[PDB]
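Protein chains in written order, with PDB author numbering: chain B, 7 to 500; chain A, 7 to 500; chain D, 7 to 500; chain C, 7 to 500.
Protein chains: 4
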Amino acid sequence: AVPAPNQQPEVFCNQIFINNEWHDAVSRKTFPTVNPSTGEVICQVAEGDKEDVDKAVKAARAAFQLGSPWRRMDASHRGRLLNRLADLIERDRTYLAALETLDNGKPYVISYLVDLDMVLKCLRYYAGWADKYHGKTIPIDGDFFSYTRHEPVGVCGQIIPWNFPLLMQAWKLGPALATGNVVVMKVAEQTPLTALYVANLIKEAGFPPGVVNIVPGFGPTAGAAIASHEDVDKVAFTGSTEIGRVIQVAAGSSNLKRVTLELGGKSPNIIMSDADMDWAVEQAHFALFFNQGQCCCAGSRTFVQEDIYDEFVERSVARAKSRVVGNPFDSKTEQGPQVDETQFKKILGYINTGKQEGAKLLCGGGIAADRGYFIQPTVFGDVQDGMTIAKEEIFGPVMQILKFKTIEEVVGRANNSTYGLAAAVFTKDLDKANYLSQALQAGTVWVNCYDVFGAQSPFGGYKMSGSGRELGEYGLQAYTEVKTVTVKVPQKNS
Amino acid sequence: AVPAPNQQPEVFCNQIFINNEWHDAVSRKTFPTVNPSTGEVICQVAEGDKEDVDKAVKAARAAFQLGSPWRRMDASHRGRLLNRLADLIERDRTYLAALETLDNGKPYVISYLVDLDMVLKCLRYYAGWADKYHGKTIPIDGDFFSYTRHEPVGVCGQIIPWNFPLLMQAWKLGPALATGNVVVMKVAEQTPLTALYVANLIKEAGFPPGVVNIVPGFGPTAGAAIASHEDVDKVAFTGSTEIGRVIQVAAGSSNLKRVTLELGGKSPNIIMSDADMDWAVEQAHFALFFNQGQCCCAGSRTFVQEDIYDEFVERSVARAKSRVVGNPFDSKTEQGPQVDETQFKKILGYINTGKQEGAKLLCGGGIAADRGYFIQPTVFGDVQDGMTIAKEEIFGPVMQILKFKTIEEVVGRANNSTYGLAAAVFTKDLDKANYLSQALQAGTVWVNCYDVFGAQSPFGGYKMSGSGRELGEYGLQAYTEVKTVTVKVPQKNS
Amino acid sequence: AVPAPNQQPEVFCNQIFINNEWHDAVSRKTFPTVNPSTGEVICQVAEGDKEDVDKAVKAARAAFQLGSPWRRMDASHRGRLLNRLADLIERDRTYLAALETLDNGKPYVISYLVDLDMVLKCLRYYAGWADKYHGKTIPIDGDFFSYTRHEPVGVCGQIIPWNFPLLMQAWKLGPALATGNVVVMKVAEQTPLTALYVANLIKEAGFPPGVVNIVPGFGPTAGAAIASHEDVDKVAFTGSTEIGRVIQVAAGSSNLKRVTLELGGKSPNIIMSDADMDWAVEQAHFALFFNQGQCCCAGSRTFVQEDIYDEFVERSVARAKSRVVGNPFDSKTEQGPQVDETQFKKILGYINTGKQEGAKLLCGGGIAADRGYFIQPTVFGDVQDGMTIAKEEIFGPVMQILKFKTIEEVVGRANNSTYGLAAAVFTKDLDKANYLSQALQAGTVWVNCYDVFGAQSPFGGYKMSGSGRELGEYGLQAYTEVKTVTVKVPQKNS
Amino acid sequence: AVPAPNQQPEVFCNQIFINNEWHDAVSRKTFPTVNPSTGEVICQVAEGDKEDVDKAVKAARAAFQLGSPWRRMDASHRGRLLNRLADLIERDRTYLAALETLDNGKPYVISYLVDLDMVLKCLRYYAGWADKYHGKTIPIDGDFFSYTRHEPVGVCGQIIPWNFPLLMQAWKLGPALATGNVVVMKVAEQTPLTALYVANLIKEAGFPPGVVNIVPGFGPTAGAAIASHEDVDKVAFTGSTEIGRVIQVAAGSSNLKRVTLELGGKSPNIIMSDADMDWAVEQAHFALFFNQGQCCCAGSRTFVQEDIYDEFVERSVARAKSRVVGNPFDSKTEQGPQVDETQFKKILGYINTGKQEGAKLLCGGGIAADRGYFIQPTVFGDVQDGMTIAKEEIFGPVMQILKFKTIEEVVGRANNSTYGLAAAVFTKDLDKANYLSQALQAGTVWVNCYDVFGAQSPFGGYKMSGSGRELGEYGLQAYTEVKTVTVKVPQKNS
Ligand code: NA
Ligand code: NA
Ligand code: NA
Ligand code: NA
């Protein structure tokens, strides 16, 4: 079931979080955060900039000093704190889900059943890793005792997007804190509220001051300040491929800080002729339209084998036309508004480009409401690889259906992209499944399913969809600095 | 028990290696490689540039295609090939050691007993890793079967320095080949010969054409071409910190290729009052003077506790004065010439700066021979943290001895650096050793020893000394692209 | 902060626990459990036998059937349940500690601050392991996809001792439940209460019926029934070496069930001449006297270097004389009574033997109270290796102090034993610590400390002190059955 | 590509191997080893007994002493030695293959192409493990430094069968030697020759005396002396379930030595109606008839779905009737003789048993030649679960074909056995494969293939088919003794 929401939840936090205290921007400047469903301003938020970032970094660095409460804390206790933070989030689940929906636009039912649940599972998962990421005792040559210490990388700058505000924060905080690092987080200007409230919970949980610092603000200012900072040891970024470049260049230009990127995609969803029609159709719909189509791993290239193409398209169009668009607080709503005006216009622009280039508009294609940033579930058929809607990430409710003949053909076409975040394969055949999962150049390959995330399984991109991995044990690698200690001994023995 | 060397080894390879064939630069241009012991030209070498690197990348990419011999090869067989390569190198050990000394300048005895031995151990170590770097089967939530495939990152651009020509090539090829990647290597212009001959052995061993391609040439040309190439998936660089920045910026500006860096250092060698005097003195000498002082992790900051400072310095000066400098082919020679004129002049410049800033010159300080790039073993006493020779990497036979009082003091001074490649601690006290090894911010902390390397133990730097690790199991991480495959199953059970 | 105890807590559970329900023994027989501090009966407890064990096994087997709630449960959820169990035990902490002290005899302060704290840390540690014990994807030769599934071993029979009732229960349940196994636990006849109450908490936590079944009773009856059962897949035993043999014999004679043993010991505590006198004395005292000396890893062989022997002995005797013996509920009591009469007499018998064989009685040596099973802290000096009190496990407040001269001597004397559960070394010298830690043949070697347990570090014995390890990642191995799945694929690629 | 064999290979080794030297049995007794193809005696072999085993154990223990060549040797060097042994075995490949066939009876082509090839890959695989089985540095609570040492278990008694003489020796020596243990091996009385020759190669390779000792002789004498020896730390046995019990009982009755067992089986080969008929028929034949049916994991229960039963049986019978039985040295021979008379008679007995209980004899069922121990490829149809030929391991060329209807039915029937060594599933359906591979209670589950072994993939049984695993990383666990070292440090930091 799902508890009734407060459609107009009160905002308790809207400032910069440093040393477990709330601060106004040094410039005293604030920026408005809008409710995408109405287009009206929710409240003002402290606009952090370079100077505010500097304050946050110094606080983090201080909390990371040898002998500090955070450094001396037992690894198991860090796990205890993460579990406490999770318990607190669960206590304030209904409120957080409502505030998430208010600032993001996604359906309250989803924020409660999906986003929040995943946030809880992510933090609790990593909570258990806190005291289990062992170093090694190595059998080196000669009379020596060699071993490695898995230490925290240090002050970690984390910049996250707006599509999954709370979840993105969880994916970043979970591994970082589990391994004993300190954080200076830069949340999206479109969705700063939920993350800021969580900071209050981090304080309530008992995390030492300076361990987690959140600086709301713009990208070119606050974000770039973190990426170019001389005292930030590592930066984790999740967003567009274009900005990912800026981040890596900034890291190489400054202090050569370690970098991991989770960028965009143009994920291919391959439906073989032997697939379960009903299942594939529903999953292909979910694969694309999930979260208003604002998912980095969205199945934006639906490949369908010719023998079943016509039927698949017919069923897909019907499903899209039946997709309920409206008030995200209404239990019947399947699709809310896009995050903001910029995205709203961007998507309409892509739809226009799709029409211009010859793609067959099967349904939707325009605005779905007079107020808010609602867009009709759109489906394009007979899409070709060279079309703009087949190459660029739309990040909206715009489905692309392409036809193919052979398995060798679809492999080449699916892999012919600078992106490689994810891919899916729908088939009943064992050999086909194995052939494709191996051949596909993507960080995650789903078989007879889509958007199946687990805190236990790593997620990340190939090619220009990013570098490094998040979630699972792999998610701890980027947050660890390996130290080798080689000691001379009297006489080494096996 | 070292075999008599051939002081005038014949050069059989001096061109660009692509598809197991030797090619002249497209521009037909060549550059001279000098014997640092005489200053005379050994021979000309094909000067590779962008167009040459482009040919290399295409060959590598072709060898990496799905279904190719290298891709279909059993992981165990890749291990067999690496073992065969090692066997071939051992067969031609005496020749390679001589050719190494001829082009690099290091004593032949060291080339044979150290470099070649370490080359063999590295290749053989990784040969064993070829079929053991397992992926994982993950207990994800829901009715799904989730697992990861540890696939090769792809086309790897590897740029190596001149201080350890053969060894650096092995540290690179070992992990790359063991994990099934393809290589486009750019060797140092100062020492291209030995690596090129090894390429001939790579062909002889049976490695498929295009798996390993070597392009000799300059850095701003060939090296930059690789770092900025749109089809190179990963770049591994070892060299100066200055150039490391260029590499990472090039990667972010191009295709967001994965990057790992092994940069410079100013490693502190801490000698506590309770240390074994004789041992610490000898190890401190080796720590700094090894390989003409041309070691990335050289103990260029010798911290000595006041109570033993005087005696330590006296013994160190004596050892430095008795260090034999001369023909690297003479068995009595402990120190050969510096790699080239540029390094020769740079070192003298640092010695001049050391005198100008108030450091007490105890011995050496000038040229050691009329012909070649020989420098006298130089030792500076009463060095202060603020001095240039105390902050900048000299990369030559110039020792810095600093005095300290407390253990807390030395930690702070040792850690006050933008470098953090290595560090050492000499003491008989258990608690002191553990306190320091933990407190020191360096990739490798040696206790009662120095420059102890093992193919089993990872090596890499903290801060601006680099990112990522080489050697050991960790050395495989950067050469692996993790793919998650999540399959829907009828009913998941434990 | 130790809360005021209920020096006579009420017993709510005293029956057999099967399918989350309380049952009387099939025979309806019961056995008394005595308060060692008064010798008075606390209450009767259902005396389980073979027929009762058979019921428990069938219940366990049923809960382990493919498709059952326990088998289908998400691994992460098993973790949640273990964390819930912990929270429940923490809620009833004060009560459990008191009940522990009542049935066992250990000081309430220790039961609260040590036993329960460790029980909570153990369960919470393993809760985090529930969804992280991955299988592997293996790069096998040929066109195949090979991987391993880490499945539960199945029905696990767990037999535990009386020295740490609650903690031994946690050490067993934590790893077993985290890996998805089912349990048929046989608790000690001397201390069945606390475990039985925990079963109530297991039910309250939400664990499916049949997952954990507890059968109180005698060893030759219930215990042997489990060890010899044809449907028990694995048995984990902790107790004496003598019974350990019976366990392995029973396993081999029955169905070849997997076996792991945590037996007795005669752990050497080596005090080098350069050790911290005060610290070594206090730790050596703790090492032997902890938990009324009823610790499997007790430092029952205190080796002291001759140069410091006299002083160490003097200080040791003073500390032993000042050790407060009395009512466990009194805050000032450091030592409570022995678990039962049998142990009471066995200890006195050993003290008598110590006197008869020439060991020098320095203090104590007799009964400490008129009522209960209290024994005076006894210390024997000038003990020789061949003496009975130097070879056999006393399991009481009887300290053995031996004199030695050289480090080579002590290693040989320490290792000359059929036991090898633990050992300790006290010294300030780095080389000595490393030499001894490597040379000593024991599952755990403590340096400058003793009885330092962590749920993160494995514990187990060498030689006849047992086989297999508990705690840490290693504790999951014995509870895992490895399955290899090798699938034929169209064409294998790296 | 198989070199012409020496049909009458000379025997160079037929004594007891201790300390790299050949010794006669203390009793001077010898036993004949027979050529199963002719029934003639090949030669006599020293009959080792208890006293001979005692000598071997003492030699092994001596070679395992702290500071010995074997204990001090670099782990990487152990790998070098293993690779050398492999090279020597390959050098004498043709000879060993012929001698294997001479004493065992299996076809020379198979001995050369399969057995020897597998032996080479096993040792070479484990050679790579020697310096890679790392211990751990654990983030324990409090101010401590905790880590583990992966030490050798010690003196390992290894008892192997006669079905795969050389391969079984490799599966044993590889992991034991890679981890630095010492060995006392007891080879099968029916096939002692090849293992003894390999011992010569062991000495030639450079292994220190006492590291590997081989004692040929009978089971109740030599084998039992090893299992019950007071100085043998671990025993690995491969053979019948009956003797496996004796081994575990001996271990528990003696010194509680660690035990791993690889026993028999009655592995089910499930053929679904949608399987590739031709492929399944050929694979089901191989599954049962390989190595004269003398394979522990032989697919002795071929379950076939009713809709394809009739055709499958027809094709199976035809294939069985075409299977060439004859001189193992003739290239045309597919099946040689059974290992000895005892097995010969046992098989004939089971064949008669099958006829008596109602199983339909489709072909064969009798002796295939006048001389030797040749038996006709026998196929039984319409076999029922309750029949003896359906429950007990025949270990001969006798196929059982059973009919089933549903997938749920077959799972229950396949799992209804005290054996659980292996199983197979033939189907084109993804879901069926996953459903079955998860449901089957077997150590190895092959999908669309059978008898696919890889040094990288673990092998072992469930239930009464054994305990523990061999091959892969898992094969190292039983050969490792874990030691925890917990050191007190000034101040623990992350
Ligand atoms: Na917003
Ligand atoms: Na040169
Ligand atoms: Na009692
Ligand atoms: Na024979």
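For every residue, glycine included, the Cβ atom is placed at its ideal position computed from N, Cα and C.
Tell me, please, whether the CB atom of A133(A) is closer than 8 angstroms to any CB atom in chain C? For this step, residue 133(A) is matched to residue 127 along the second sequence. Closer than 8 angstroms to some Cβ of chain C, the Cβ of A133(A) qualifies, so yes.
Any Cβ of chain D within less than 8 angstroms of the Cβ of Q462(B)? Translated into the one-based positions of the first sequence, residue 462(B) becomes position 456. It does: the Cβ of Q462(B) has a partner Cβ on chain D nearer than 8 angstroms.
Neighbouring residues (CB closer than 6 angstroms to any heavy atom of ligand 1): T39(B), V40(B), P42(B), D109(B), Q196(B) and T197(B)
Please report the residue range of the alpha helix (DSSP H) in which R130(A) lies. As a first step, residue 130(A) is located in the second sequence; it is residue number 124 there, counting from the start. Unbroken alpha helix (DSSP H) run through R130(A): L122 to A133.
Touching by the beta-carbon criterion (3+ pairs, under 8 angstroms), the region 35 to 55 of chain A and the region 339 to 349 of chain A: yes
I want to check one thing, is the minimum distance from the CB of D346(C) to the heavy atoms of ligand 4 below 7 angstroms? Residue mapping note: residue 346(C) aligns to position 340 of the fourth sequence, counting from 1. The beta carbon of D346(C) sits closer than 7 angstroms to at least one heavy atom of ligand 4.
Which residues, in chain order, does the region 124 to 149 of chain B contribute to contact with chain C at a C-beta distance below 9 angstroms? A136, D137, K138, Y139, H140, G141, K142, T143, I144, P145, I146, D147, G148 and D149
Give the DSSP bridge partners of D435(C), in chain order. To locate residue 435(C), count along the fourth sequence from 1; it is residue 429. DSSP lists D435(B) as partners of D435(C).
Buried versus exposed call for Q196(C) [16 or more other C-beta atoms within 10 Å across all chains shown]: As a working mapping, residue 196(C) is identified with position 190 in the fourth sequence. Buried: at least 16 other Cβ atoms inside 10 Å.
So what does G223(B) bridge to, in DSSP terms? Counting from one through the first sequence, the residue named residue 223(B) turns up at place 217. When DSSP reads this structure, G223(B) sits in a beta bridge with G54(B).
Counting only runs that start and end within the region 256 to 282 of chain B, where is the beta strand (DSSP E) found for 3 or more residues in a row? The region 256 to 282 of chain B contains these whole beta strand (DSSP E) runs: 264 to 268 and 274 to 277.
Out of curiosity, what's the CA-to-CA distance linking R307(A) and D391(A)? Within the second sequence, the letter at position 301 stands for residue 307(A). Within the second sequence, the letter at position 385 stands for residue 391(A). Each residue's Cα considered, the two are about 9 angstroms apart.
Distance CB(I253(B))-CB(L267(B)) smaller than 8 angstroms: For the purposes of this step, residue 253(B) is taken as the residue at position 247 of the first sequence. For the purposes of this step, residue 267(B) is taken as the residue at position 261 of the first sequence. Result yes, Cβ atoms of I253(B) and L267(B) sit closer than 8 angstroms.
Would you say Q14(B) lies against chain D (beta-carbon separation less than 8 angstroms)? Position 8 of the first sequence, counted from the start, is the residue given in the question as residue 14(B). Under the Cβ distance rule, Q14(B) does not count among the residues neighbouring chain D, no pair being separated by less than 8 angstroms.
Let's see if you can read the secondary structure: which residues bound the alpha helix (DSSP H) around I146(C)? If you number the fourth sequence from 1, residue 146(C) lands on position 140. From DSSP, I146(C) is part of no alpha helix (DSSP H); its letter is neither H nor E.
Less than 8 angstroms between CB atoms is the rule here; does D437(C) satisfy it with respect to chain A? Indexing the fourth sequence from 1 puts residue 437(C) at position 431. At least one CB atom of chain A sits nearer than 8 angstroms to the CB of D437(C).
For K338(C), count the other beta carbons within 10 Å of its own beta carbon; 16 or more makes it buried, fewer makes it exposed. Which is it? In the fourth sequence, counting from the first residue as 1, residue 338(C) sits at position 332. With fewer than 16 Cβ atoms within 10 Å of its Cβ, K338(C) is classed as exposed.
Using the Cα positions of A211(B) and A428(D), report the straight-line distance between them to the nearest angstrom. Numbered from 1 along the first sequence, position 205 holds the residue referred to as residue 211(B). Numbered from 1 along the third sequence, position 422 holds the residue referred to as residue 428(D). One C-alpha to the other measures close to 38 angstroms.
Opposing strand residues paired with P38(C) [DSSP bridges]: Taking the fourth sequence and counting its residues from 1, one reaches residue 38(C) at position 32. In the DSSP output, where bridge partners are listed per residue, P38(C) has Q50(C).
Between which two residues does the beta strand (DSSP E) containing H29(B) stretch? In the first sequence, the residue the question calls residue 29(B) occupies position 23. Here the beta strand (DSSP E) through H29(B) covers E27 to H29.
If you follow the beta strand (DSSP E) that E487(B) is in, where does it begin and where does it stop? Here residue 487(B) refers to the residue found at position 481 when the first sequence is read from its first residue. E487(B) -> beta strand (DSSP E) spans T486 to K494.
Which same chain residues, not among the five before or five after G180(B), have their C-beta less than 6 angstroms away from its C-beta? For this step, residue 180(B) is matched to residue 174 along the first sequence. Excluding positions up to five away in sequence, the list reads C128, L129 and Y132.
Assign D239(A) to one of two classes, buried (16 or more other C-beta atoms within 10 Å of its C-beta) or exposed (fewer than that). Within the second sequence, numbered from 1, the residue matching residue 239(A) stands at position 233. So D239(A) counts as buried.
Report the option in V159(C), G474(C) and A176(C) whose CA atom is closest to the CA atom of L126(C). If you number the fourth sequence from 1, residue 126(C) lands on position 120. Nearest C-alpha to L126(C): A176(C).
CB contact flag (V493(C), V453(D), <8 angstroms): Taking the first residue of the fourth sequence as 1, we reach residue 493(C) at position 487. Taking the first residue of the third sequence as 1, we reach residue 453(D) at position 447. In contact: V493(C) and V453(D) (Cβ atoms closer than 8 angstroms).
For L446(A), does the three-state DSSP call read helix, strand or coil? Within the second sequence, the letter at position 440 stands for residue 446(A). Three-state result, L446(A): coil.
Span of the alpha helix (DSSP H) holding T394(B)? Residue numbering aside, residue 394(B) sits at position 388 when the first sequence is read from its first letter. Its alpha helix (DSSP H) spans residues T394 to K397.
What residues match up with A304(A) in a beta bridge as DSSP calls it? The count along the second sequence starts at 1 and reaches residue 304(A) at position 298. DSSP lists no partner for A304(A).
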